[PDB]
């Protein structure tokens, strides 16, 4: 099993991808809008991915709501987390989790890269994609994100808290290539790290971002730092689940490492499943070869975490048109609940 999630180019698995999957057996896949055109087409894609894998593959997506939604071609839209936070509706948060879980399960998706546990500390901070945050302080994020994660998992879809160690505090720094968090660790555990600690039972996994924590490790970003991942995340935060990396194929991380070297470094640092989202095939064989150079006990530890995640994955609902109709109906009413509250 290749320890990574890889992306898929289109509506069906192509010839190069299928050959690489059979040969290398990636732990799973991440889907984007380019993979999602119709219900029948998506269920066929996820069925193909499961059939090509000996293990039960992670099949993941970023179905957050608002501007991070991958199902527009199906007519399935969802309100943003921030809008449901402004609405103050507790039932609306429950329903976002319940409806997301129901719809992803009908599509054969088994993991959702949510909740975002980043804190929107000031309404003046970075808003590249606005509306992704559940609140402006740790306690509101924990309450709202915890209700969300509970009802996503109640519906059988695995959750992922992101982005460790907390993007709300990350700032540009002309002394570094990547965003930087200069906070002391003690202050971090009182604020941006607190949602990850408080929600460990509700988080199937955690995704780490390519952020510099210079007071902990000034040479490697969090995803590639043994001191951040094994020290801060595993030892002091105590998280025992699967750790994903943010995409290694786009962004400033690519100006310093190619994706194959980056993925290997993240495994060595203690991550379990690096993300190779876009044009992954050139990078996989170098990773599969380098991975035999990892500490065998660390590899065994990571494999048991991935195997535990794999055993918790759910299979798609049996075909039933009225079930999908209810997904659309409930998704639409959820958007209307929010619009009527503005």
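Residue numbers count along the first chain shown, from 1.
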{"item": "Residue range whose averaged C-alpha B-factor is higher in the record, 92-100 or 179-187", "value": "179-187"}
{"item": "Stretch exceeding the other in mean C-alpha B-factor - 205-213, 149-157", "value": "205-213"}
{"item": "Options 312, 291, 302, 63 - largest CA temperature factor per the record", "value": "291"}
{"item": "Most elevated Cα B-factor in the entry, residues 115, 130, 75, 79", "value": "130"}
{"item": "Residue 198, C-alpha B-factor rank within chain (lowest, middle or highest third)", "value": "lowest"}
{"item": "Residue 241 CA temperature factor, ranked by third within the chain", "value": "lowest"}
{"item": "Modelled-residue ranking by C-alpha temperature factor, third containing residue 47", "value": "highest"}
{"item": "Residue 107 CA temperature factor, ranked by third within the chain", "value": "lowest"}
{"item": "CA B-factor placement of residue 261, once the chain's modelled residues are sorted into thirds", "value": "highest"}
